[PDB]
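Trainee: For reference, the file upload.cif (mmCIF, N, CA and C atoms) is included below:
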```
data_input
#
loop_
_atom_site.label_atom_id
_atom_site.label_comp_id
_atom_site.auth_asym_id
_atom_site.auth_seq_id
_atom_site.Cartn_x
_atom_site.Cartn_y
_atom_site.Cartn_z
N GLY S 1 -103.97 -88.95 -88.73
CA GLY S 1 -104.57 -89.98 -89.55
C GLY S 1 -103.72 -90.33 -90.76
N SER S 2 -102.62 -91.04 -90.51
CA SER S 2 -101.71 -91.44 -91.59
C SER S 2 -102.45 -92.24 -92.65
N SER S 3 -101.74 -92.60 -93.71
CA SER S 3 -102.33 -93.37 -94.81
C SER S 3 -101.86 -94.82 -94.76
N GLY S 4 -101.89 -95.41 -93.57
CA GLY S 4 -101.46 -96.79 -93.42
C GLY S 4 -100.01 -96.99 -93.80
N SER S 5 -99.10 -96.64 -92.89
CA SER S 5 -97.67 -96.78 -93.15
C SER S 5 -97.11 -97.99 -92.40
N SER S 6 -95.83 -98.28 -92.63
CA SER S 6 -95.17 -99.40 -91.98
C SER S 6 -94.40 -98.94 -90.75
N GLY S 7 -95.01 -98.04 -89.98
CA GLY S 7 -94.38 -97.53 -88.78
C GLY S 7 -93.22 -96.61 -89.09
N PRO S 8 -92.98 -95.63 -88.20
CA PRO S 8 -91.90 -94.66 -88.36
C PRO S 8 -90.52 -95.28 -88.18
N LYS S 9 -89.58 -94.90 -89.03
CA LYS S 9 -88.22 -95.42 -88.95
C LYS S 9 -87.26 -94.36 -88.41
N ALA S 10 -87.06 -93.30 -89.18
CA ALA S 10 -86.17 -92.22 -88.78
C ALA S 10 -86.94 -91.11 -88.07
N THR S 11 -86.38 -90.62 -86.97
CA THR S 11 -87.01 -89.56 -86.20
C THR S 11 -88.36 -90.00 -85.65
N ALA S 12 -88.50 -91.31 -85.43
CA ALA S 12 -89.74 -91.87 -84.90
C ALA S 12 -90.00 -91.39 -83.48
N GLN S 13 -89.04 -91.66 -82.59
CA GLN S 13 -89.17 -91.26 -81.19
C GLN S 13 -89.80 -89.88 -81.08
N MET S 14 -89.32 -88.94 -81.88
CA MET S 14 -89.84 -87.58 -81.87
C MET S 14 -91.31 -87.56 -82.27
N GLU S 15 -91.63 -88.23 -83.37
CA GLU S 15 -93.00 -88.28 -83.86
C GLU S 15 -93.98 -88.58 -82.72
N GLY S 16 -93.77 -89.70 -82.05
CA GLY S 16 -94.63 -90.08 -80.94
C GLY S 16 -95.02 -88.90 -80.08
N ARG S 17 -94.08 -87.98 -79.89
CA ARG S 17 -94.33 -86.79 -79.07
C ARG S 17 -95.40 -85.91 -79.71
N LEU S 18 -95.13 -85.44 -80.92
CA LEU S 18 -96.07 -84.58 -81.63
C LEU S 18 -97.49 -85.13 -81.53
N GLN S 19 -97.61 -86.45 -81.46
CA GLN S 19 -98.91 -87.10 -81.35
C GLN S 19 -99.60 -86.72 -80.05
N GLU S 20 -98.87 -86.81 -78.95
CA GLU S 20 -99.42 -86.47 -77.64
C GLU S 20 -99.70 -84.98 -77.53
N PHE S 21 -98.92 -84.18 -78.27
CA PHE S 21 -99.09 -82.73 -78.25
C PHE S 21 -100.50 -82.34 -78.66
N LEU S 22 -100.98 -82.93 -79.75
CA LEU S 22 -102.32 -82.64 -80.25
C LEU S 22 -103.38 -83.32 -79.39
N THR S 23 -103.14 -84.58 -79.03
CA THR S 23 -104.07 -85.33 -78.21
C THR S 23 -104.39 -84.59 -76.91
N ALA S 24 -103.49 -83.68 -76.52
CA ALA S 24 -103.68 -82.90 -75.31
C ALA S 24 -104.17 -81.49 -75.63
N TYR S 25 -103.80 -81.00 -76.80
CA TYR S 25 -104.19 -79.66 -77.23
C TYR S 25 -104.93 -79.71 -78.57
N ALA S 26 -106.25 -79.80 -78.51
CA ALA S 26 -107.07 -79.85 -79.71
C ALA S 26 -108.20 -78.82 -79.65
N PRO S 27 -108.27 -77.96 -80.68
CA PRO S 27 -109.30 -76.92 -80.77
C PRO S 27 -110.69 -77.50 -81.02
N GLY S 28 -111.63 -77.18 -80.14
CA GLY S 28 -112.98 -77.67 -80.29
C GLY S 28 -113.12 -79.12 -79.89
N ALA S 29 -112.26 -79.97 -80.45
CA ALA S 29 -112.29 -81.40 -80.15
C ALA S 29 -112.26 -81.64 -78.65
N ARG S 30 -111.71 -80.69 -77.91
CA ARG S 30 -111.62 -80.80 -76.46
C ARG S 30 -112.12 -79.53 -75.78
N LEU S 31 -111.31 -78.47 -75.84
CA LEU S 31 -111.67 -77.20 -75.23
C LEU S 31 -111.68 -76.08 -76.27
N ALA S 32 -112.00 -74.87 -75.83
CA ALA S 32 -112.05 -73.72 -76.73
C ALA S 32 -111.97 -72.41 -75.94
N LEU S 33 -111.41 -71.39 -76.57
CA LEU S 33 -111.27 -70.08 -75.93
C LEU S 33 -112.06 -69.02 -76.69
N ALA S 34 -113.16 -68.57 -76.09
CA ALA S 34 -114.00 -67.55 -76.71
C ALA S 34 -113.16 -66.54 -77.48
N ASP S 35 -111.96 -66.27 -76.98
CA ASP S 35 -111.06 -65.32 -77.63
C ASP S 35 -110.83 -65.70 -79.08
N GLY S 36 -111.23 -64.82 -79.99
CA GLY S 36 -111.05 -65.08 -81.41
C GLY S 36 -109.60 -65.08 -81.82
N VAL S 37 -108.97 -63.91 -81.77
CA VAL S 37 -107.56 -63.78 -82.14
C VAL S 37 -106.70 -64.81 -81.42
N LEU S 38 -106.59 -64.65 -80.10
CA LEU S 38 -105.80 -65.57 -79.29
C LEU S 38 -105.93 -67.00 -79.80
N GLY S 39 -107.17 -67.42 -80.05
CA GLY S 39 -107.41 -68.77 -80.54
C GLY S 39 -106.77 -69.02 -81.88
N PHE S 40 -106.76 -68.00 -82.74
CA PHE S 40 -106.17 -68.12 -84.07
C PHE S 40 -104.82 -68.82 -84.00
N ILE S 41 -104.20 -68.79 -82.82
CA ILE S 41 -102.90 -69.41 -82.63
C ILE S 41 -103.04 -70.91 -82.37
N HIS S 42 -103.93 -71.26 -81.44
CA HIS S 42 -104.16 -72.66 -81.10
C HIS S 42 -104.56 -73.46 -82.34
N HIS S 43 -105.41 -72.87 -83.17
CA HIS S 43 -105.88 -73.53 -84.39
C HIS S 43 -104.74 -73.65 -85.40
N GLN S 44 -103.99 -72.57 -85.57
CA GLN S 44 -102.87 -72.55 -86.51
C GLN S 44 -101.81 -73.57 -86.11
N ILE S 45 -101.19 -73.35 -84.95
CA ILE S 45 -100.16 -74.24 -84.45
C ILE S 45 -100.59 -75.70 -84.56
N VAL S 46 -101.62 -76.06 -83.81
CA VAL S 46 -102.14 -77.42 -83.82
C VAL S 46 -102.08 -78.02 -85.22
N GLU S 47 -102.44 -77.21 -86.22
CA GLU S 47 -102.43 -77.66 -87.61
C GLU S 47 -101.00 -77.83 -88.11
N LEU S 48 -100.14 -76.88 -87.77
CA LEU S 48 -98.74 -76.93 -88.19
C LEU S 48 -98.06 -78.20 -87.69
N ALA S 49 -98.38 -78.59 -86.46
CA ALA S 49 -97.81 -79.79 -85.87
C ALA S 49 -98.06 -81.01 -86.75
N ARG S 50 -99.32 -81.23 -87.11
CA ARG S 50 -99.69 -82.36 -87.95
C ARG S 50 -98.71 -82.52 -89.11
N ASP S 51 -98.43 -81.41 -89.79
CA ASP S 51 -97.52 -81.43 -90.93
C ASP S 51 -96.19 -82.07 -90.54
N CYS S 52 -95.62 -81.62 -89.43
CA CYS S 52 -94.34 -82.15 -88.96
C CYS S 52 -94.37 -83.68 -88.93
N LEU S 53 -95.39 -84.23 -88.29
CA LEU S 53 -95.53 -85.68 -88.19
C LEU S 53 -95.40 -86.34 -89.55
N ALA S 54 -96.28 -85.97 -90.48
CA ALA S 54 -96.26 -86.52 -91.82
C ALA S 54 -94.88 -86.37 -92.46
N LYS S 55 -94.18 -85.29 -92.10
CA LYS S 55 -92.85 -85.03 -92.63
C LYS S 55 -91.83 -86.01 -92.05
N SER S 56 -91.60 -85.91 -90.75
CA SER S 56 -90.65 -86.79 -90.08
C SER S 56 -90.85 -88.24 -90.50
N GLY S 57 -92.11 -88.64 -90.62
CA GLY S 57 -92.42 -90.00 -91.01
C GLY S 57 -91.74 -90.40 -92.31
N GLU S 58 -91.60 -89.44 -93.22
CA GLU S 58 -90.96 -89.70 -94.50
C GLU S 58 -89.63 -88.97 -94.61
N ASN S 59 -89.18 -88.42 -93.49
CA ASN S 59 -87.91 -87.69 -93.45
C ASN S 59 -87.97 -86.45 -94.33
N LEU S 60 -89.08 -85.71 -94.24
CA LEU S 60 -89.26 -84.50 -95.03
C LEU S 60 -88.82 -83.27 -94.24
N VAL S 61 -88.77 -83.40 -92.92
CA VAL S 61 -88.36 -82.30 -92.06
C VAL S 61 -86.85 -82.09 -92.12
N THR S 62 -86.45 -80.85 -92.37
CA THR S 62 -85.03 -80.51 -92.45
C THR S 62 -84.71 -79.27 -91.62
N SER S 63 -83.43 -78.95 -91.53
CA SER S 63 -82.99 -77.79 -90.76
C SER S 63 -83.88 -76.58 -91.03
N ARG S 64 -83.93 -76.17 -92.30
CA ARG S 64 -84.74 -75.03 -92.69
C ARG S 64 -86.18 -75.19 -92.22
N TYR S 65 -86.79 -76.32 -92.57
CA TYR S 65 -88.17 -76.60 -92.19
C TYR S 65 -88.46 -76.06 -90.79
N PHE S 66 -87.72 -76.56 -89.80
CA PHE S 66 -87.89 -76.13 -88.42
C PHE S 66 -87.62 -74.64 -88.27
N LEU S 67 -86.39 -74.24 -88.57
CA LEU S 67 -85.99 -72.83 -88.47
C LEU S 67 -87.14 -71.92 -88.86
N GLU S 68 -87.76 -72.20 -90.00
CA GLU S 68 -88.88 -71.40 -90.48
C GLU S 68 -90.15 -71.71 -89.69
N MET S 69 -90.36 -72.98 -89.40
CA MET S 69 -91.54 -73.41 -88.65
C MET S 69 -91.58 -72.75 -87.28
N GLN S 70 -90.41 -72.40 -86.76
CA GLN S 70 -90.31 -71.76 -85.46
C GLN S 70 -90.78 -70.31 -85.52
N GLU S 71 -90.33 -69.59 -86.55
CA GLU S 71 -90.70 -68.19 -86.73
C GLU S 71 -92.15 -68.07 -87.18
N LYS S 72 -92.65 -69.13 -87.82
CA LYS S 72 -94.03 -69.14 -88.31
C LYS S 72 -95.01 -69.30 -87.15
N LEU S 73 -94.63 -70.08 -86.15
CA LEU S 73 -95.48 -70.31 -84.99
C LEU S 73 -95.20 -69.29 -83.90
N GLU S 74 -93.92 -68.97 -83.70
CA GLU S 74 -93.52 -68.01 -82.69
C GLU S 74 -94.26 -66.69 -82.87
N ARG S 75 -94.13 -66.10 -84.06
CA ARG S 75 -94.79 -64.84 -84.37
C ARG S 75 -96.25 -64.86 -83.92
N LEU S 76 -96.97 -65.89 -84.32
CA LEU S 76 -98.38 -66.03 -83.96
C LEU S 76 -98.60 -65.70 -82.49
N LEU S 77 -97.69 -66.17 -81.64
CA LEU S 77 -97.78 -65.92 -80.21
C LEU S 77 -98.33 -64.52 -79.93
N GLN S 78 -98.00 -63.58 -80.81
CA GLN S 78 -98.46 -62.20 -80.66
C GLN S 78 -99.97 -62.16 -80.41
N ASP S 79 -100.72 -62.88 -81.24
CA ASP S 79 -102.17 -62.92 -81.12
C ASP S 79 -102.59 -63.05 -79.66
N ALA S 80 -101.82 -63.82 -78.90
CA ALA S 80 -102.10 -64.03 -77.48
C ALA S 80 -101.61 -62.86 -76.64
N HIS S 81 -100.32 -62.56 -76.75
CA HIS S 81 -99.72 -61.46 -76.00
C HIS S 81 -100.30 -60.12 -76.45
N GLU S 82 -101.09 -60.15 -77.52
CA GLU S 82 -101.70 -58.94 -78.05
C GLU S 82 -102.97 -58.58 -77.27
N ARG S 83 -103.96 -59.46 -77.33
CA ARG S 83 -105.22 -59.24 -76.64
C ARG S 83 -105.28 -60.06 -75.35
N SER S 84 -105.52 -61.36 -75.50
CA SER S 84 -105.61 -62.25 -74.35
C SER S 84 -104.60 -61.87 -73.28
N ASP S 85 -104.88 -62.25 -72.04
CA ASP S 85 -103.99 -61.95 -70.92
C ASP S 85 -103.10 -63.15 -70.59
N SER S 86 -101.98 -62.88 -69.92
CA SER S 86 -101.05 -63.94 -69.55
C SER S 86 -101.79 -65.22 -69.18
N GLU S 87 -102.95 -65.06 -68.54
CA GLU S 87 -103.76 -66.20 -68.13
C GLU S 87 -104.17 -67.04 -69.34
N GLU S 88 -104.82 -66.39 -70.31
CA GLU S 88 -105.27 -67.07 -71.51
C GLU S 88 -104.09 -67.45 -72.40
N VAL S 89 -103.08 -66.58 -72.43
CA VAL S 89 -101.89 -66.83 -73.24
C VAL S 89 -101.10 -68.02 -72.71
N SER S 90 -101.04 -68.14 -71.39
CA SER S 90 -100.31 -69.23 -70.76
C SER S 90 -100.59 -70.55 -71.46
N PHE S 91 -101.87 -70.80 -71.75
CA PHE S 91 -102.27 -72.03 -72.42
C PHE S 91 -101.59 -72.16 -73.78
N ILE S 92 -101.73 -71.13 -74.61
CA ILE S 92 -101.13 -71.13 -75.94
C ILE S 92 -99.61 -71.26 -75.85
N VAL S 93 -98.99 -70.35 -75.11
CA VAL S 93 -97.54 -70.36 -74.95
C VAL S 93 -97.01 -71.79 -74.88
N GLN S 94 -97.57 -72.58 -73.98
CA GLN S 94 -97.15 -73.97 -73.81
C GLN S 94 -97.06 -74.67 -75.16
N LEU S 95 -98.04 -74.42 -76.02
CA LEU S 95 -98.07 -75.04 -77.35
C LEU S 95 -96.95 -74.50 -78.22
N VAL S 96 -97.05 -73.23 -78.60
CA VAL S 96 -96.04 -72.59 -79.43
C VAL S 96 -94.64 -73.04 -79.03
N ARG S 97 -94.40 -73.14 -77.73
CA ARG S 97 -93.10 -73.56 -77.21
C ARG S 97 -92.91 -75.06 -77.37
N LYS S 98 -93.81 -75.84 -76.77
CA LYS S 98 -93.74 -77.29 -76.84
C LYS S 98 -93.43 -77.75 -78.26
N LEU S 99 -94.20 -77.25 -79.22
CA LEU S 99 -94.01 -77.61 -80.62
C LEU S 99 -92.54 -77.51 -81.01
N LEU S 100 -91.87 -76.47 -80.53
CA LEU S 100 -90.46 -76.26 -80.82
C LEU S 100 -89.59 -77.27 -80.08
N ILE S 101 -90.10 -77.77 -78.96
CA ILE S 101 -89.37 -78.75 -78.16
C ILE S 101 -89.46 -80.14 -78.78
N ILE S 102 -90.49 -80.35 -79.60
CA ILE S 102 -90.69 -81.63 -80.26
C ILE S 102 -89.95 -81.69 -81.59
N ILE S 103 -90.29 -80.76 -82.48
CA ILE S 103 -89.65 -80.70 -83.79
C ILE S 103 -88.14 -80.59 -83.67
N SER S 104 -87.68 -79.93 -82.61
CA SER S 104 -86.25 -79.75 -82.37
C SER S 104 -85.49 -81.03 -82.70
N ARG S 105 -84.64 -80.96 -83.72
CA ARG S 105 -83.85 -82.11 -84.14
C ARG S 105 -83.38 -82.91 -82.93
N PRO S 106 -82.64 -82.24 -82.03
CA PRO S 106 -82.12 -82.87 -80.81
C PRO S 106 -83.21 -83.20 -79.81
N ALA S 107 -83.84 -84.36 -79.99
CA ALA S 107 -84.91 -84.80 -79.09
C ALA S 107 -84.81 -86.29 -78.81
N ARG S 108 -84.40 -86.64 -77.60
CA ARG S 108 -84.26 -88.03 -77.20
C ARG S 108 -84.24 -88.17 -75.68
N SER S 109 -84.30 -89.41 -75.20
CA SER S 109 -84.29 -89.67 -73.77
C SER S 109 -83.45 -90.90 -73.45
N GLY S 110 -82.96 -90.97 -72.22
CA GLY S 110 -82.14 -92.10 -71.81
C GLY S 110 -81.05 -91.70 -70.83
N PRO S 111 -79.84 -91.43 -71.36
CA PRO S 111 -78.69 -91.04 -70.54
C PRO S 111 -78.85 -89.64 -69.95
N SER S 112 -79.20 -88.68 -70.81
CA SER S 112 -79.38 -87.30 -70.37
C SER S 112 -79.91 -86.43 -71.51
N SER S 113 -80.43 -85.26 -71.17
CA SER S 113 -80.97 -84.34 -72.16
C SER S 113 -80.12 -83.08 -72.26
N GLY S 114 -79.47 -82.90 -73.40
CA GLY S 114 -78.63 -81.73 -73.60
C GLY S 114 -78.35 -81.46 -75.07
#
```
Take the structure in this file and express it as structure tokens.

Mentor:
Amino acid sequence: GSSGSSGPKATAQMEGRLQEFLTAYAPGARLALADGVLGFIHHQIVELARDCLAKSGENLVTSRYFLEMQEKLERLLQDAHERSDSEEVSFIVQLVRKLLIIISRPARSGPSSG
């Protein structure tokens, strides 16, 4: 829910992605996992993503931002690999990982992905 901007300029292509990430993975708004801890990740990450969007939109995201954002979300993964089983974790994993695939500076499409 931006504050009425004039569309994304820099790192826009990437932004669009983060948008679909949440639209597909939303706590309560769509699905939910009785698992308390394990869930603590879905709620956390999902929230962390939003920040990225607002950042990229104004070019606030930087090398460090991500580097740290990766360890901040990655670690959480434990909550899943801790209690929940690969089955329940599988869902989260996709997020924790995907998020890193979006924020990742190098994100584009066309000729090839590398």

Trainee: Choose the residue, out of S:53, S:78, S:84, S:37, that has the smallest atom-to-atom separation from residue 19 (chain S); count only N, CA and C atoms.

Mentor: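 Nearest candidate to residue 19 (chain S) out of S:53, S:78, S:84, S:37: S:53.
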
Trainee: Between CA of residue 89 (chain S) and atom C of residue 38 (chain S), measure the distance and give it in Å to one decimal.

Mentor: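 Straight-line distance from CA of residue 89 (chain S) to atom C of residue 38 (chain S) works out to 7.7 Å.
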
Trainee: Determine the axis-aligned bounding box of all atoms of region 59-74 of chain S present in the file, pad each side by 8 Å, and express its centre and edge lengths in Å to one decimal place as lines of an AutoDock Vina configuration file.

Mentor:
```
center_x = -89.2
center_y = -77.6
center_z = -88.9
size_x = 28.5
size_y = 37.7
size_z = 28.3
```

Trainee: Based on the backbone DSSP call, show me all residues of chain S assigned helix (DSSP H, G or I), as number ranges by chain.

Mentor: S: 12-24, 36-58, 63-82, 86-103

Trainee: From the options S:95, S:60, S:26, S:41, which residue's atoms come nearest to residue 79 (chain S), counting all atoms listed in the file?

Mentor: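 Using all atoms listed in the file, residue 79 (chain S) sits closest to S:41.
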
Trainee: Between CA of residue 102 (chain S) and atom C of residue 24 (chain S), what is the distance in Å, rounded to a tenth?

Mentor: 14.3 Å

Trainee: Compile the contact shell of region 44-46 of chain S as a PDB file with N, CA and C atoms, in the coordinates of the input: residues with an atom at most 8 Å away, counting all atoms listed in the file, same-chain residues fewer than 2 positions apart removed.

Mentor:
```pdb
ATOM      1  N   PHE S  21     -98.920 -84.180 -78.270  1.00  0.00           N
ATOM      2  CA  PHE S  21     -99.090 -82.730 -78.250  1.00  0.00           C
ATOM      3  C   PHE S  21    -100.500 -82.340 -78.660  1.00  0.00           C
ATOM      4  N   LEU S  22    -100.980 -82.930 -79.750  1.00  0.00           N
ATOM      5  CA  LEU S  22    -102.320 -82.640 -80.250  1.00  0.00           C
ATOM      6  C   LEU S  22    -103.380 -83.320 -79.390  1.00  0.00           C
ATOM      7  N   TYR S  25    -103.800 -81.000 -76.800  1.00  0.00           N
ATOM      8  CA  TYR S  25    -104.190 -79.660 -77.230  1.00  0.00           C
ATOM      9  C   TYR S  25    -104.930 -79.710 -78.570  1.00  0.00           C
ATOM     10  N   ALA S  26    -106.250 -79.800 -78.510  1.00  0.00           N
ATOM     11  CA  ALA S  26    -107.070 -79.850 -79.710  1.00  0.00           C
ATOM     12  C   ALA S  26    -108.200 -78.820 -79.650  1.00  0.00           C
ATOM     13  N   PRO S  27    -108.270 -77.960 -80.680  1.00  0.00           N
ATOM     14  CA  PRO S  27    -109.300 -76.920 -80.770  1.00  0.00           C
ATOM     15  C   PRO S  27    -110.690 -77.500 -81.020  1.00  0.00           C
ATOM     16  N   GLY S  39    -107.170 -67.420 -80.050  1.00  0.00           N
ATOM     17  CA  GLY S  39    -107.410 -68.770 -80.540  1.00  0.00           C
ATOM     18  C   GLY S  39    -106.770 -69.020 -81.880  1.00  0.00           C
ATOM     19  N   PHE S  40    -106.760 -68.000 -82.740  1.00  0.00           N
ATOM     20  CA  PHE S  40    -106.170 -68.120 -84.070  1.00  0.00           C
ATOM     21  C   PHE S  40    -104.820 -68.820 -84.000  1.00  0.00           C
ATOM     22  N   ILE S  41    -104.200 -68.790 -82.820  1.00  0.00           N
ATOM     23  CA  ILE S  41    -102.900 -69.410 -82.630  1.00  0.00           C
ATOM     24  C   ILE S  41    -103.040 -70.910 -82.370  1.00  0.00           C
ATOM     25  N   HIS S  42    -103.930 -71.260 -81.440  1.00  0.00           N
ATOM     26  CA  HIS S  42    -104.160 -72.660 -81.100  1.00  0.00           C
ATOM     27  C   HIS S  42    -104.560 -73.460 -82.340  1.00  0.00           C
ATOM     28  N   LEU S  48    -100.140 -76.880 -87.770  1.00  0.00           N
ATOM     29  CA  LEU S  48     -98.740 -76.930 -88.190  1.00  0.00           C
ATOM     30  C   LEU S  48     -98.060 -78.200 -87.690  1.00  0.00           C
ATOM     31  N   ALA S  49     -98.380 -78.590 -86.460  1.00  0.00           N
ATOM     32  CA  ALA S  49     -97.810 -79.790 -85.870  1.00  0.00           C
ATOM     33  C   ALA S  49     -98.060 -81.010 -86.750  1.00  0.00           C
ATOM     34  N   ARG S  50     -99.320 -81.230 -87.110  1.00  0.00           N
ATOM     35  CA  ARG S  50     -99.690 -82.360 -87.950  1.00  0.00           C
ATOM     36  C   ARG S  50     -98.710 -82.520 -89.110  1.00  0.00           C
ATOM     37  N   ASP S  51     -98.430 -81.410 -89.790  1.00  0.00           N
ATOM     38  CA  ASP S  51     -97.520 -81.430 -90.930  1.00  0.00           C
ATOM     39  C   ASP S  51     -96.190 -82.070 -90.540  1.00  0.00           C
ATOM     40  N   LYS S  72     -92.650 -69.130 -87.820  1.00  0.00           N
ATOM     41  CA  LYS S  72     -94.030 -69.140 -88.310  1.00  0.00           C
ATOM     42  C   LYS S  72     -95.010 -69.300 -87.150  1.00  0.00           C
ATOM     43  N   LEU S  73     -94.630 -70.080 -86.150  1.00  0.00           N
ATOM     44  CA  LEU S  73     -95.480 -70.310 -84.990  1.00  0.00           C
ATOM     45  C   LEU S  73     -95.200 -69.290 -83.900  1.00  0.00           C
ATOM     46  N   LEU S  76     -96.970 -65.890 -84.320  1.00  0.00           N
ATOM     47  CA  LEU S  76     -98.380 -66.030 -83.960  1.00  0.00           C
ATOM     48  C   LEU S  76     -98.600 -65.700 -82.490  1.00  0.00           C
ATOM     49  N   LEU S  95     -98.040 -74.420 -76.020  1.00  0.00           N
ATOM     50  CA  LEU S  95     -98.070 -75.040 -77.350  1.00  0.00           C
ATOM     51  C   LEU S  95     -96.950 -74.500 -78.220  1.00  0.00           C
ATOM     52  N   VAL S  96     -97.050 -73.230 -78.600  1.00  0.00           N
ATOM     53  CA  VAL S  96     -96.040 -72.590 -79.430  1.00  0.00           C
ATOM     54  C   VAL S  96     -94.640 -73.040 -79.030  1.00  0.00           C
ATOM     55  N   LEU S  99     -94.200 -77.250 -79.220  1.00  0.00           N
ATOM     56  CA  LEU S  99     -94.010 -77.610 -80.620  1.00  0.00           C
ATOM     57  C   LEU S  99     -92.540 -77.510 -81.010  1.00  0.00           C
TER      58      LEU S  99
END
```

Trainee: Atom N of residue 17 (chain S) to atom N of residue 103 (chain S): how many Å, to one decimal?

Mentor: 8.6 Å

Trainee: Report as a CSV table (one decimal) with N, CA and C atoms, in the coordinates of the input all protein, DNA and RNA residues lying within 12 Å of residue 3 (chain S), evaluated on only C-alpha atoms, omitting residues in the same chain fewer than 6 positions from it.

Mentor:
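File written: selection_8.csv
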```csv
chain,number,residue,atom,x,y,z
S,54,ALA,N,-96.3,-86.0,-90.5
S,54,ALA,CA,-96.3,-86.5,-91.8
S,54,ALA,C,-94.9,-86.4,-92.5
S,57,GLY,N,-92.1,-88.6,-90.6
S,57,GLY,CA,-92.4,-90.0,-91.0
S,57,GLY,C,-91.7,-90.4,-92.3
S,58,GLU,N,-91.6,-89.4,-93.2
S,58,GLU,CA,-91.0,-89.7,-94.5
S,58,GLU,C,-89.6,-89.0,-94.6
```

Trainee: May I ask which of the residues S:85, S:13, S:34, S:64 is the closest one to residue 109 (chain S), counting only N, CA and C atoms?

Mentor: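 Under the stated criterion, the closest residue is S:13.
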
Trainee: Using only C-alpha atoms for the distances, tell me which of S:67, S:80, S:52, S:93 is nearest to residue 16 (chain S).

Mentor: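 Closest candidate: S:52.
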
Trainee: Nearest to residue 31 (chain S) among S:65, S:18, S:91, S:10, with distances taken over only C-alpha atoms: which residue is it?

Mentor: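 Among S:65, S:18, S:91, S:10, it is S:91 that comes nearest to residue 31 (chain S).
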